[PDB]
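One structure below.
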Amino acid sequence: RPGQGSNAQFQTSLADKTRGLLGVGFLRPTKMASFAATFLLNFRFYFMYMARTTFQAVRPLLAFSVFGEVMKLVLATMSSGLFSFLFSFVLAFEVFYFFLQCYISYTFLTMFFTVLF
Amino acid sequence: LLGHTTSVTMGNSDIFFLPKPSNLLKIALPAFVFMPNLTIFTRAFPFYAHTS
Amino acid sequence: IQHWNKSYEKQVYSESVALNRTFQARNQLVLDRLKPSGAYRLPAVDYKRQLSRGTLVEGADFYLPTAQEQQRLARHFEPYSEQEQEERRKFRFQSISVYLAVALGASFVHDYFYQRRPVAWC
Amino acid sequence: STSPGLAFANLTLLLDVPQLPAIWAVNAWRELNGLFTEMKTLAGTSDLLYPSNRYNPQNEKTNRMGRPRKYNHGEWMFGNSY
Amino acid sequence: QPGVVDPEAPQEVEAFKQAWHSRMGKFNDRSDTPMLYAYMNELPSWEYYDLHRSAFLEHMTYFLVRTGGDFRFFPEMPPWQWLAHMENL
Amino acid sequence: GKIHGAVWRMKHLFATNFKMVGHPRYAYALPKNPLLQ
Amino acid sequence: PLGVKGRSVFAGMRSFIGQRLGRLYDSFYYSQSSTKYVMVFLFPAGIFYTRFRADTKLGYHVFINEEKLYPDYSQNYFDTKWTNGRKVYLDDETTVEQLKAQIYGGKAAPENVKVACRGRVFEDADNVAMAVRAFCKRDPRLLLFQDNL
Ligand SMILES: CCCCCCCCCCCCCCCCCC(=O)OC[C@H](COP(=O)([O-])OCC(O)COP(=O)([O-])OC[C@@H](COC(=O)CCCCCCCCCCCCCCCCC)OC(=O)CCCCCCCCCCCCCCCCC)OC(=O)CCCCCCCCCCCCCCCCC
Ligand SMILES: CCCCCCCCCCCCCCCCCC(=O)OC[C@H](COP(=O)([O-])OCC(O)COP(=O)([O-])OC[C@@H](COC(=O)CCCCCCCCCCCCCCCCC)OC(=O)CCCCCCCCCCCCCCCCC)OC(=O)CCCCCCCCCCCCCCCCC
Ligand SMILES: CCCCCCCCCCCCCCCCCC(=O)OC[C@H](COP(=O)([O-])OCC(O)COP(=O)([O-])OC[C@@H](COC(=O)CCCCCCCCCCCCCCCCC)OC(=O)CCCCCCCCCCCCCCCCC)OC(=O)CCCCCCCCCCCCCCCCC
Ligand SMILES: CCCCCCCCCCCCCCCCCC(=O)OC[C@H](COP(=O)([O-])OCC[N+](C)(C)C)OC(=O)CCCCCCCCCCCCCCCCC
Ligand SMILES: CCCCCCCCCCCCCCCCCC(=O)OC[C@H](COP(=O)([O-])OCC[N+](C)(C)C)OC(=O)CCCCCCCCCCCCCCCCC
Ligand SMILES: CCCCCCCCCCCCCCCCCC(=O)OC[C@H](COP(=O)([O-])OCC[N+](C)(C)C)OC(=O)CCCCCCCCCCCCCCCCC
Ligand SMILES: CCCCCCCCCCCCO[C@@H]1O[C@H](CO)[C@@H](O[C@H]2O[C@H](CO)[C@@H](O)[C@H](O)[C@H]2O)[C@H](O)[C@H]1O
Ligand SMILES: CCCCCCCCCCCCO[C@@H]1O[C@H](CO)[C@@H](O[C@H]2O[C@H](CO)[C@@H](O)[C@H](O)[C@H]2O)[C@H](O)[C@H]1O
C-alpha cells in the first residue's frame, strides 16, 4: 500500500489516547481564560468612543447656551452706551466662534460616522 | 371616580408634514449611520467592533 | 553547559514526541469521526485565492435583475417599451397630494390611537 | 462595518441580543405557569386562587397572606368560612 | 453612486477598484492598526506560512515528494498524517 | 439633489455633442457605418 | 420557476433548516478552540442564568444592625467577610427561619434575632414575600437586629 509505511508509525498507547480524548495540549483553558479577560477588557473602547462622540456633538450646544447665558448676564447688567458699543463686538465674535465650533463638530462627526463597508 | 380619573385621555396634536422642495438643491447632503452592518462580517463582529 | 544544554534539547524532543503521539491520537479518535462531510461547506473562495486564479470581480454594488433592465443601454432604440413609457409618464413629479393625505392619516392615527395620555378633569 | 459613533448601538446589541433567548424562555415559563394555574382552578380548590398574583398560599389552615386562619378550629354549618 | 455626469468612466471604475482593495486590505491584513487580526491563537494557512517560513518549505517539499505534483495544488491545510511523519523525520 | 445635479450636468455635457448617441461602453451594439471602409 | 409539483413548502422549510444546521456545525468545527467554546456556551449560559434569575425570582437587600451579629464566613472561600446591602434571591415559599439559616450558614445564630423592613418586625413563622408585600411594598430592604428590649 502507498501510505502503510507512514501509518505503521501511528501506534498510540492507552494513556496517549486518553490524553488525546481529554485534549491536554489542544484545548488550553488558560488560553480560553486569557481570551475572555481580553475580550471583557476591550469594552473600554466603547466608552471612550461614546464620550468623544457626545463631547463633539454637544460642543455647539455649549457654545450656544452657556456663552449665551454669559452674554445675557452682561446685557442684563450693562446700561451705558460705551460699554454696549464695545460689547456688540464680543457678541459678533461669539457668532464667529459658534460657527467655528460647528465646523469642528461637523469634521469630527464625519470622521466618526464614516464606515468602509 | 377614584380609579376612573386616569382614563380620561386626549390625543396628541403633532402633524408630520413638511414640503420637500428638491428642485432648490443640487448637492448631496451628509447622512448618519444608525446601526452597524451585521449582514457582512457577521461572525467577526464581536471581535472587530471595538476597533476603528 | 554543553551537557546540560544538549540534555535540555533531548528532553525537549521527548516532550515533542509525546505531544505528537497525543496529537495523532486526538485526531484519529475524535476529529476523523466528527469531521464534516463537505456538503454544507462555505459557498465561497477567499479573495486572495480568487485574485491568484484571475477570477476576482470588484464592481456592481448594485445589480439589474431582469434582462429587460440589463439591455436598456444597449438597445439604443427601445430602452422602454411603449406601455412602460406610458406608465413612466405618470411619475414626472412627486405627488404632494398623496404625501399630504398619507401624512395626515398617519398623524391622525398616531395621535388619537397610539399617543393618548390622560388629562385632569375638574 | 462599524465606527466610534456606533459605540452605543454596538454595546446595546452585544449586551441585549444574547438576552433575547432568555426573555423568550421567561415568557414561555410564564405561559406554562398560567396554564398550570388555570388547570388547577378548573380541577377545583377549597379557597380561590388569584391568577395574576405572585403567590397564593391560602388553604384550609392558612390565610391569603400566609398566616393561620382565625376561628378555624371548629366546624361551621355553612361549610367553609370563606 | 456619485453625482457625477459619467459614473461608468474609467476613472470612476479604477477608483472603485482601488478603494475596494484598500478597504479589504485595511480590514483583513496583519498590520499595526489591525481591525480583524485579533484574538489569534490558531492561525490560518496563509498567515501561518507567512509568519513561519520554515514550515512552508518543509510542508512544501513533503507535498512535492509524497505526491508528485505541482505547487499549484498545494493543499490549504496539510493532513495530520503528513505532520506526524514530518515530526518523526 | 444629487440626482438633480447629475442630470443637470448630463444635459449640458451630452445633449449637444453629436458624438454621444449613447454611452461609449455600449457602442458595440450600434449599427455599422456605411461610409467607413 | 418557483416551486415544484409534488413538493411541499414544509419540506422546503425542513431542507433549509437542515442546511443551516449543517453550515453551523461546519463553521463551529473550523474555528478556534480558544474562542468558540467560550463565546458559544459559557457567555450564553451565564447570561441566560442571570437574566432568568432576575426576571423570574425576587430578591432582597439584606443588612445587619451590629457587627457582632455578622456571620462567620472565614472558612468558605470567595467571601471572607460579611457586607451589608447584599442581594439575596429567594423562593416564594421561603420563611424568616429559612432566611436566617441561609444567612448564618446553617449554624447557631445569636439569640433573639429578628427581621424588620421599614421599621416593622416580622414573625419567624411568616412568608417573606407576603410580609414584604404587606409592610414594605416594593422596598424589600431587610434588616437583621437583636430584639432584647
Ligand atoms: C390597518 C392595517 C395595517 C396598517 C396599514 C395601513 C394602510 C397601509 C397598507 C400598506 C400600504 C398600502 C397598500 C396598498 C397599496 C395599493 C396602491 C399601490 O399599489 O400603490 C401605492 C399608492 C399608489 O402607488 P403608485 O401607483 O405607484 O403611484 C404613487 C404616486 O405616483 C405617488 O408616488 P410618489 O413618488 O410621488 O410618492 C409620494 C411621497 C412623496 O415623497 C416623499 O415621501 C417625500 C417626503 C418623505 C418624508 C420623510 C419620510 C420618512 C419616512 C418615515 C416612515 C416611518 C415613519 C413612522 C410611521 C409613523 C409616522 C407618524 O409621499 C408619500 O406618499 C410618502 C409619505 C410618507 C409618510 C410621511 C411620514 C411623515 C414625514 C415627516 C417628514 C417631516 C419631518 C419633520 C416634521 C416636523 C414638521 C413641523 O400610493 C401609496 O399609497 C404610496 C405608499 C406610501 C408608503 C410610504 C412611502 C414609502 C416610504 C418608506 C418608509 C419606510 C417604511 C418601512 C416599511 C416597514 C418596514 C418593511
Ligand atoms: C379632507 C378629508 C376629509 C375627511 C372626512 C372625515 C369624515 C369622514 C368620517 C370618518 C371620520 C374619521 C373617524 C376616525 C375615528 C373616530 C375618531 C377617533 O379616532 O376617536 C378616537 C377613539 C379612540 O378610542 P379610545 O378608547 O379613546 O382609545 C384608543 C386606544 O387605542 C385604546 O387603548 P387600548 O390599549 O385599549 O387598545 C385598544 C385597541 C386595540 O386595537 C388592537 O389591538 C389592534 C387593532 C386592530 C388591528 C387589526 C387586527 C386584525 C383584526 C381586525 C380586522 C379588521 C379588518 C377586517 C378584516 C376582515 C376579515 C376578518 O382597540 C382599538 O383601538 C379599536 C380600533 C377600532 C378600529 C376598527 C374600526 C374600523 C377601522 C376602519 C374605519 C375606516 C374609517 C374611514 C373614514 C374615512 C376617512 C377618509 O376612537 C374610538 O373610540 C374607537 C373607534 C371605533 C370606530 C368608530 C367608527 C365610527 C366613527 C367614524 C364614522 C364613519 C364610519 C365609517 C365606517 C366604514 C366601515 C369601516
Ligand atoms: C441554548 C444555547 C444557545 C447557544 C447556541 C446553540 C445553537 C443554536 C443555533 C445558533 C443560534 C445563533 C445563530 C447565530 C447565527 C448568526 C451569527 C453567526 O455567528 O453566524 C455565523 C455563521 C457562519 O457564517 P460565516 O462562516 O461567517 O460565512 C458563511 C455564511 O454564513 C454562509 O451563508 P450561506 O451561503 O449558507 O446562506 C446565506 C445566509 C446569509 O447569512 C449571512 O451570511 C449573514 C446573515 C445576516 C445576519 C443578521 C441579519 C439581520 C438582518 C436585520 C433584520 C431586519 C428585518 C426587518 C424586516 C422588516 C419587514 C417588516 O443565509 C442565512 O442563513 C440568513 C437567513 C436569515 C436572515 C434573515 C434576514 C431577513 C431576510 C429574510 C429572508 C427570508 C426568510 C428566510 C427564508 C429561507 C427559506 C425558508 O452563519 C451561518 O451559519 C448562517 C447564517 C445564520 C443563519 C441563521 C441560522 C439559524 C439561527 C437561529 C436563531 C434562533 C435562536 C433562538 C433559539 C431559541 C432560544 C429560545
Ligand atoms: C455628519 C453630520 C454632521 C452634523 C453637524 C451638525 C453641527 C451643526 C449643528 C448646528 C445646528 C444649529 C441650528 C439650531 C440653532 C438655530 C435655531 C433657530 O433656527 O432659531 C430660529 C431662527 C431665528 O428666529 P428669530 O431669532 O428671528 O426669532 C424667533 C426665534 N425664536 C423662535 C427662537 C424665539 O429662525 C429663523 O428665522 C432663522 C432664519 C435664518 C437662517 C438661520 C440659520 C443659520 C444659523 C444657524 C447655522 C447653524 C449650522 C452651521 C453649520 C456649519 C457647518 C459648516
Ligand atoms: C411573521 C412576521 C414576518 C415579518 C418579517 C419577515 C418578512 C416577511 C415576509 C415573509 C418572511 C419569510 C419569507 C420566506 C421566503 C422564502 C421562500 C422560499 O421559497 O424559500 C426557499 C424554500 C426552499 O424551497 P425548496 O428548495 O424546497 O424547493 C424549491 C427549489 N428551488 C428554489 C430551486 C425552486 O421554499 C420554501 O419551502 C418556502 C420557505 C418559506 C416559508 C417559511 C418562512 C420562513 C420564515 C420562518 C423562518 C423559520 C423557519 C422554521 C419555521 C418552522 C414553523 C413551525
Ligand atoms: C433589531 C435587531 C437587529 C440586529 C440583528 C439581530 C440578529 C442578528 C445578530 C447577529 C450579530 C451577532 C453575531 C455574532 C456571532 C458571533 C458568534 C461566533 O461566531 O462564535 C465565535 C466563533 C469564533 O471563531 P474563530 O475564533 O475561529 O474566529 C473568529 C474571528 N477571528 C478570526 C477574528 C477571531 O465563531 C465560530 O467559529 C462559530 C460560529 C458559528 C456557530 C454559532 C454558534 C452556534 C454553534 C452551534 C453548533 C454546536 C456544535 C457543537 C459540536 C461540538 C463537537 C465539535
Ligand atoms: C380611522 C380608523 C383608522 C384605523 C386605525 C386603527 C389603529 C388601531 C391601533 C390601536 C393600538 C393602540 O395601542 C394602545 O395605545 C394606547 C395609547 O394610546 C396605550 O394606552 C396605554 O397608555 C394609556 C395612557 O397612559 C393608558 O390608557 C393605559 O396605560 C394604556 O391603555 C395602549 O397600551 C396600547 O395598547
Ligand atoms: C427547549 C425549550 C426551552 C423553552 C424554555 C423553557 C424554560 C426553561 C427553564 C425552566 C426552569 C425550570 O426550573 C424551575 O424554574 C422556576 C423559576 O425559576 C423555579 O421556581 C421558582 O419560581 C416559581 C414562581 O414563583 C416558583 O416555582 C417558585 O417561586 C420558585 O421555586 C423552580 O425552582 C425551578 O425548578
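If you're wondering about the labels, chains in the C-alpha cells are A, B, ... by order shown, residues count from 1 in each chain, ligands from 1 in order shown.
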Just want the residues within 9 Å of ligand 2, written as a compact mmCIF listing (two decimals) with C-alpha atoms, in the first residue's frame, counting only C-alpha atoms and all ligand atoms.
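Saved as out29.txt:
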# COMPACT_ATOMS: atom_id res chain seq x y z
CA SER B 7 -58.85 57.05 31.96
CA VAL B 8 -59.88 60.44 30.51
CA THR B 9 -57.48 60.51 27.56
CA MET B 10 -56.75 63.19 24.98
CA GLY B 11 -54.84 62.59 21.79
CA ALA C 101 -53.05 62.67 2.54
CA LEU C 104 -52.46 63.49 7.69
CA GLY C 105 -53.81 59.96 8.02
CA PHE C 108 -54.31 61.26 12.97
CA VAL C 109 -53.76 57.58 13.77
CA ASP C 111 -52.02 60.97 17.73
CA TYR C 112 -55.52 59.68 18.53
CA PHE C 113 -54.90 55.92 18.71
CA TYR C 114 -51.25 55.45 19.68
CA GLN C 115 -50.30 58.59 21.65
CA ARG C 116 -53.21 59.15 24.03
Fill in: Proximal residues of chain G relative to chain E (only C-alpha atoms; 8 Å) as a VMD selection string
chain G and resid 32 34 to 35
Written file, previous selection with N, CA, C and O atoms, as a compact mmCIF listing (two decimals), in the first residue's frame:
# COMPACT_ATOMS: atom_id res chain seq x y z
N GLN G 32 -11.51 28.52 16.04
CA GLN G 32 -10.52 28.46 17.11
C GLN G 32 -11.15 27.86 18.36
O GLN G 32 -12.24 28.26 18.77
N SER G 34 -9.98 28.34 21.25
CA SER G 34 -9.79 29.29 22.35
C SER G 34 -11.00 30.19 22.53
O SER G 34 -11.27 30.65 23.65
N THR G 35 -11.75 30.45 21.46
CA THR G 35 -12.82 31.43 21.47
C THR G 35 -14.21 30.83 21.32
O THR G 35 -15.16 31.34 21.92
Per residue of chain C within 9 Å of ligand 1, which atom pair is closest and at what distance in Å (one decimal), using only C-alpha atoms and all ligand atoms, listed by chain and increasing number, as a tab-separated table?
residue	atom	partner	partner_atom_place_in_ligand_line	distance
C:90	CA	ligand 1	31 (O)	6.6
C:91	CA	ligand 1	31 (O)	5.5
C:92	CA	ligand 1	31 (O)	8.7
C:93	CA	ligand 1	36 (O)	6.4
C:94	CA	ligand 1	36 (O)	3.2
C:95	CA	ligand 1	36 (O)	3.8
C:96	CA	ligand 1	40 (C)	6.1
C:97	CA	ligand 1	61 (O)	7.9
C:98	CA	ligand 1	63 (O)	5.1
C:99	CA	ligand 1	61 (O)	3.4
C:100	CA	ligand 1	61 (O)	7.2
C:101	CA	ligand 1	63 (O)	7.8
C:102	CA	ligand 1	65 (C)	5.5
C:103	CA	ligand 1	68 (C)	4.5
C:104	CA	ligand 1	68 (C)	8.2
C:105	CA	ligand 1	60 (C)	8.8
C:106	CA	ligand 1	60 (C)	5.1
C:107	CA	ligand 1	60 (C)	5.3
C:108	CA	ligand 1	60 (C)	8.6
C:109	CA	ligand 1	60 (C)	8.0
C:110	CA	ligand 1	60 (C)	5.8
C:111	CA	ligand 1	60 (C)	8.4
Can those selected residues be exported to a file as an mmCIF file, in the first residue's frame so that it contains N, CA, C and O atoms?
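Wrote it out as part.cif, contents follow:
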data_model
loop_
_atom_site.group_PDB
_atom_site.id
_atom_site.type_symbol
_atom_site.label_atom_id
_atom_site.label_comp_id
_atom_site.auth_asym_id
_atom_site.auth_seq_id
_atom_site.Cartn_x
_atom_site.Cartn_y
_atom_site.Cartn_z
ATOM 1 N N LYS C 90 -46.430 58.877 -15.771
ATOM 2 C CA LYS C 90 -47.275 59.211 -14.635
ATOM 3 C C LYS C 90 -46.484 59.621 -13.402
ATOM 4 O O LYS C 90 -47.094 60.031 -12.409
ATOM 5 N N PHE C 91 -45.160 59.520 -13.435
ATOM 6 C CA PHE C 91 -44.307 59.879 -12.313
ATOM 7 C C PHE C 91 -43.283 60.930 -12.718
ATOM 8 O O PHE C 91 -42.104 60.837 -12.381
ATOM 9 N N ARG C 92 -43.725 61.947 -13.459
ATOM 10 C CA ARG C 92 -42.826 63.040 -13.805
ATOM 11 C C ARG C 92 -42.551 63.931 -12.606
ATOM 12 O O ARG C 92 -41.481 64.543 -12.519
ATOM 13 N N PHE C 93 -43.495 64.009 -11.674
ATOM 14 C CA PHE C 93 -43.326 64.751 -10.440
ATOM 15 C C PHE C 93 -43.767 63.881 -9.276
ATOM 16 O O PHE C 93 -44.507 62.909 -9.443
ATOM 17 N N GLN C 94 -43.298 64.238 -8.088
ATOM 18 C CA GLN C 94 -43.784 63.611 -6.873
ATOM 19 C C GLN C 94 -45.143 64.186 -6.498
ATOM 20 O O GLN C 94 -45.449 65.347 -6.775
ATOM 21 N N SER C 95 -45.969 63.353 -5.875
ATOM 22 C CA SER C 95 -47.352 63.714 -5.571
ATOM 23 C C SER C 95 -47.411 64.310 -4.171
ATOM 24 O O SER C 95 -47.479 63.586 -3.173
ATOM 25 N N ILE C 96 -47.398 65.643 -4.098
ATOM 26 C CA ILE C 96 -47.542 66.299 -2.808
ATOM 27 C C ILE C 96 -48.935 66.057 -2.252
ATOM 28 O O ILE C 96 -49.130 66.059 -1.035
ATOM 29 N N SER C 97 -49.916 65.821 -3.121
ATOM 30 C CA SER C 97 -51.259 65.498 -2.652
ATOM 31 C C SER C 97 -51.264 64.179 -1.892
ATOM 32 O O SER C 97 -51.826 64.078 -0.795
ATOM 33 N N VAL C 98 -50.647 63.150 -2.470
ATOM 34 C CA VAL C 98 -50.562 61.858 -1.799
ATOM 35 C C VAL C 98 -49.723 61.970 -0.536
ATOM 36 O O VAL C 98 -50.056 61.384 0.501
ATOM 37 N N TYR C 99 -48.612 62.704 -0.606
ATOM 38 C CA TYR C 99 -47.816 62.961 0.587
ATOM 39 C C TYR C 99 -48.681 63.538 1.700
ATOM 40 O O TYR C 99 -48.675 63.043 2.831
ATOM 41 N N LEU C 100 -49.432 64.593 1.388
ATOM 42 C CA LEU C 100 -50.263 65.256 2.383
ATOM 43 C C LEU C 100 -51.311 64.310 2.946
ATOM 44 O O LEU C 100 -51.517 64.250 4.162
ATOM 45 N N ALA C 101 -51.999 63.575 2.075
ATOM 46 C CA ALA C 101 -53.046 62.671 2.538
ATOM 47 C C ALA C 101 -52.482 61.605 3.468
ATOM 48 O O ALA C 101 -53.017 61.365 4.557
ATOM 49 N N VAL C 102 -51.398 60.951 3.049
ATOM 50 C CA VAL C 102 -50.817 59.886 3.858
ATOM 51 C C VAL C 102 -50.288 60.441 5.172
ATOM 52 O O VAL C 102 -50.434 59.817 6.229
ATOM 53 N N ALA C 103 -49.675 61.625 5.135
ATOM 54 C CA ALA C 103 -49.133 62.209 6.351
ATOM 55 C C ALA C 103 -50.239 62.591 7.322
ATOM 56 O O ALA C 103 -50.112 62.372 8.529
ATOM 57 N N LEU C 104 -51.336 63.154 6.815
ATOM 58 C CA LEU C 104 -52.457 63.489 7.685
ATOM 59 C C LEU C 104 -53.080 62.239 8.287
ATOM 60 O O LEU C 104 -53.397 62.211 9.480
ATOM 61 N N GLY C 105 -53.267 61.195 7.481
ATOM 62 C CA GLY C 105 -53.807 59.958 8.020
ATOM 63 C C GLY C 105 -52.918 59.364 9.095
ATOM 64 O O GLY C 105 -53.388 58.962 10.164
ATOM 65 N N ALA C 106 -51.615 59.302 8.821
ATOM 66 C CA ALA C 106 -50.685 58.729 9.783
ATOM 67 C C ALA C 106 -50.619 59.566 11.051
ATOM 68 O O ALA C 106 -50.541 59.018 12.152
ATOM 69 N N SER C 107 -50.652 60.892 10.918
ATOM 70 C CA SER C 107 -50.645 61.750 12.095
ATOM 71 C C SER C 107 -51.909 61.557 12.916
ATOM 72 O O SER C 107 -51.846 61.457 14.145
ATOM 73 N N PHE C 108 -53.065 61.495 12.256
ATOM 74 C CA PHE C 108 -54.313 61.256 12.966
ATOM 75 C C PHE C 108 -54.250 59.957 13.753
ATOM 76 O O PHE C 108 -54.574 59.919 14.947
ATOM 77 N N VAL C 109 -53.826 58.875 13.098
ATOM 78 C CA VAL C 109 -53.761 57.582 13.771
ATOM 79 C C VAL C 109 -52.769 57.635 14.925
ATOM 80 O O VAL C 109 -53.083 57.254 16.058
ATOM 81 N N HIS C 110 -51.559 58.125 14.658
ATOM 82 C CA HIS C 110 -50.512 58.155 15.667
ATOM 83 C C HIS C 110 -50.898 59.008 16.865
ATOM 84 O O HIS C 110 -50.488 58.711 17.992
ATOM 85 N N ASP C 111 -51.685 60.059 16.653
ATOM 86 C CA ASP C 111 -52.024 60.974 17.730
ATOM 87 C C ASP C 111 -53.240 60.524 18.526
ATOM 88 O O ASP C 111 -53.260 60.675 19.751
#
Worksheet item: What residues have any atom no more than 9 Å from ligand 6 when counting only C-alpha atoms and all ligand atoms, and can you list them as a PyMOL selection string?
Response: (chain B and resi 35-39+41-48) or (chain C and resi 30-31+34-35) or (chain D and resi 13-14+17-18) or (chain E and resi 35-44) or (chain G and resi 21-41)
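The space between atom CA of residue 26 of chain C and atom CA of residue 85 of chain E spans 15.8 Å.
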Practice prompt. Please identify which residues in chain B DSSP calls helix (DSSP H, G or I) from the backbone, and express them as an MDAnalysis selection string.
Written response: chainID B and resid 42:48
Can you spit out the residues from that selection as a short mmCIF file (atom, residue, chain, number, x, y, z; two decimals), in the first residue's frame, using N, CA and C atoms?
data_model
loop_
_atom_site.label_atom_id
_atom_site.label_comp_id
_atom_site.auth_asym_id
_atom_site.auth_seq_id
_atom_site.Cartn_x
_atom_site.Cartn_y
_atom_site.Cartn_z
N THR B 42 -20.53 38.98 9.78
CA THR B 42 -21.37 38.74 10.95
C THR B 42 -20.61 37.97 12.02
N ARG B 43 -19.79 37.01 11.62
CA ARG B 43 -19.15 36.12 12.58
C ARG B 43 -18.04 36.80 13.36
N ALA B 44 -17.46 37.87 12.82
CA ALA B 44 -16.34 38.56 13.45
C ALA B 44 -16.75 39.84 14.16
N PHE B 45 -18.03 40.21 14.12
CA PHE B 45 -18.47 41.48 14.69
C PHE B 45 -18.07 41.65 16.15
N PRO B 46 -18.30 40.68 17.04
CA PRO B 46 -17.86 40.86 18.43
C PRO B 46 -16.37 41.04 18.56
N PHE B 47 -15.59 40.66 17.55
CA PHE B 47 -14.14 40.70 17.63
C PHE B 47 -13.54 41.94 17.00
N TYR B 48 -14.23 42.57 16.05
CA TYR B 48 -13.72 43.79 15.43
C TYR B 48 -14.56 45.02 15.74
#
Practice prompt. Excluding segment 25-27 of chain D and residues on its chain fewer than 4 positions from it, collect all residues at most 12 Å away from it, counting only C-alpha atoms, and give them as a PyMOL selection string.
Written response: (chain D and resi 19-21+31-34) or (chain G and resi 48-57)
Discussion item. Please find the residues of chain B near chain A - the criterion being any atom within 7 Å, counting only C-alpha atoms - and write them as a PyMOL selection string.
Written reply: chain B and resi 32-33+50
Contacts from chain E to chain F, 9 Å maximum, only C-alpha atoms: show me the residue list as a CSV table (one decimal) with N, CA and C atoms, in the first residue's frame.
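To be explicit, this is the file written out as part12.csv:
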chain,number,residue,atom,x,y,z
E,2,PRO,N,-21.9,58.2,-7.1
E,2,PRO,CA,-21.6,59.6,-7.0
E,2,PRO,C,-22.5,60.4,-8.0
E,3,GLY,N,-22.7,61.7,-7.7
E,3,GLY,CA,-23.5,62.5,-8.6
E,3,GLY,C,-22.7,63.2,-9.6
E,4,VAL,N,-21.8,62.4,-10.3
E,4,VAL,CA,-21.0,62.8,-11.4
E,4,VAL,C,-21.8,62.5,-12.7
E,5,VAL,N,-21.3,63.2,-13.8
E,5,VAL,CA,-22.0,63.1,-15.1
E,5,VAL,C,-21.9,61.7,-15.6
E,6,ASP,N,-20.7,61.1,-15.4
E,6,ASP,CA,-20.4,59.8,-16.0
E,6,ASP,C,-19.8,58.8,-15.0
E,8,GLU,N,-19.8,55.6,-15.1
E,8,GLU,CA,-19.2,54.4,-15.8
E,8,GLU,C,-17.9,54.8,-16.5
E,9,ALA,N,-17.2,55.8,-16.1
E,9,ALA,CA,-16.0,56.2,-16.7
E,9,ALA,C,-14.8,55.4,-16.1
Residues of chain C that have any atom at most 12 Å from an atom of chain F: could you tabulate them with the shortest-distance atom pair and the distance in Å to one decimal, using only C-alpha atoms, ordered by chain and increasing number, as a Markdown table?
| residue | atom | partner | partner_atom | distance |
| --- | --- | --- | --- | --- |
| C:70 | CA | F:26 | CA | 11.7 |
| C:71 | CA | F:26 | CA | 9.7 |
| C:72 | CA | F:26 | CA | 10.1 |
| C:73 | CA | F:26 | CA | 6.8 |
| C:74 | CA | F:26 | CA | 5.6 |
| C:75 | CA | F:29 | CA | 7.1 |
| C:76 | CA | F:22 | CA | 7.0 |
| C:77 | CA | F:30 | CA | 9.7 |
| C:79 | CA | F:22 | CA | 11.1 |
Worksheet item: residue 62 of chain E: which residues within 12 Å, counting only C-alpha atoms, same-chain residues fewer than 2 positions away excluded, as a list in words?
Response: residues 55, 56, 57, 58, 59, 60, 64, 65, 66, 67, 68, 69, 70, 71, 74, 75, 78, 79, 81, 82, 83, 84, 85, 86, 87 and 89 of chain E
Could the residues in this selection be saved with C-alpha atoms as a compact mmCIF listing (two decimals), in the first residue's frame?
# COMPACT_ATOMS: atom_id res chain seq x y z
CA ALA E 55 7.25 25.29 7.87
CA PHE E 56 6.24 26.41 4.38
CA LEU E 57 9.45 24.94 2.98
CA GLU E 58 9.10 21.66 4.87
CA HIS E 59 5.37 21.30 4.21
CA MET E 60 6.03 22.05 0.53
CA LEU E 64 6.02 17.50 -3.83
CA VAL E 65 7.69 14.23 -2.81
CA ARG E 66 4.84 12.42 -1.06
CA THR E 67 2.62 13.32 -4.03
CA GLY E 68 4.47 14.10 -7.23
CA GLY E 69 2.67 17.28 -8.14
CA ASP E 70 2.83 20.99 -8.81
CA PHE E 71 2.91 23.80 -6.28
CA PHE E 74 -0.58 22.87 -2.59
CA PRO E 75 -3.25 21.99 0.00
CA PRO E 78 -1.96 19.57 5.49
CA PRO E 79 -3.08 16.24 6.97
CA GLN E 81 -0.52 12.08 8.98
CA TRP E 82 1.88 14.24 6.98
CA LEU E 83 2.58 16.41 10.02
CA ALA E 84 3.37 13.40 12.21
CA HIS E 85 5.65 11.87 9.58
CA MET E 86 7.48 15.20 9.27
CA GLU E 87 7.95 15.31 13.04
CA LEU E 89 11.77 12.55 10.29
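Taking atom 50 (C, counted along the ligand's line) of ligand 5 and atom CA of residue 14 of chain G as endpoints, the distance between them is 7.5 Å.
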Item to complete: Kindly indicate which residue among C:7, C:46, C:117, C:122 lies nearest to chain B, using only C-alpha atoms for the distances.
Response: C:117
Check which residues of chain A sit at most 6 Å from chain C using only C-alpha atoms, and return one row each with the closest pair of atoms and their distance in Å to one decimal, ordered by chain and rising number, as a tab-separated table.
residue	atom	partner	partner_atom	distance
A:16	CA	C:22	CA	5.1
A:17	CA	C:25	CA	5.1
A:20	CA	C:26	CA	4.1
A:21	CA	C:26	CA	5.6
Worksheet item: How would you write, as an NGL selection string, the set of residues no farther than 12 Å from ligand 4 when counting only C-alpha atoms and all ligand atoms?
Response: (:A and (53 or 56-65 or 95-114)) or (:B and (29-34)) or (:D and (5))
Fill in: Atom pair atom CA of residue 147 of chain G / atom CA of residue 64 of chain G: separation (Å)
12.7 Å
Discussion item. Tell me as a ChimeraX atom specification which residues belonging to chain A come within 7 Å of chain G, counting only C-alpha atoms.
Written reply: /A:27,31-32,35
Could you write out that same residue set with C-alpha atoms as an mmCIF file, in the first residue's frame?
data_model
loop_
_atom_site.group_PDB
_atom_site.id
_atom_site.type_symbol
_atom_site.label_atom_id
_atom_site.label_comp_id
_atom_site.auth_asym_id
_atom_site.auth_seq_id
_atom_site.Cartn_x
_atom_site.Cartn_y
_atom_site.Cartn_z
ATOM 1 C CA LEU A 27 -7.926 22.888 24.459
ATOM 2 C CA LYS A 31 -5.856 30.403 26.606
ATOM 3 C CA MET A 32 -9.645 30.471 26.886
ATOM 4 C CA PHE A 35 -9.304 35.392 25.650
#
Go through chain C and flag each residue having an atom no more than 12 Å from ligand 3; for those, report the closest pair of atoms plus their distance in Å to one decimal, using only C-alpha atoms and all ligand atoms, ordered by chain and rising number, as CSV.
residue,atom,partner,partner_atom_place_in_ligand_line,distance
C:39,CA,ligand 3,36 (O),10.8
C:40,CA,ligand 3,36 (O),7.6
C:41,CA,ligand 3,36 (O),8.1
C:42,CA,ligand 3,29 (C),5.5
C:43,CA,ligand 3,35 (O),5.5
C:44,CA,ligand 3,35 (O),7.9
C:45,CA,ligand 3,28 (O),10.8
C:46,CA,ligand 3,28 (O),11.3
For the selection you just gave me, I'd like the residues written to a file as a short mmCIF file (atom, residue, chain, number, x, y, z; two decimals), in the first residue's frame, keeping C-alpha atoms.
data_model
loop_
_atom_site.label_atom_id
_atom_site.label_comp_id
_atom_site.auth_asym_id
_atom_site.auth_seq_id
_atom_site.Cartn_x
_atom_site.Cartn_y
_atom_site.Cartn_z
CA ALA C 39 -21.88 19.25 1.64
CA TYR C 40 -22.51 22.26 3.89
CA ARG C 41 -19.11 23.84 3.26
CA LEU C 42 -18.70 27.57 2.85
CA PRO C 43 -20.01 28.56 -0.61
CA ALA C 44 -17.17 30.93 -1.44
CA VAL C 45 -13.43 31.21 -2.02
CA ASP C 46 -11.11 33.73 -0.41
#
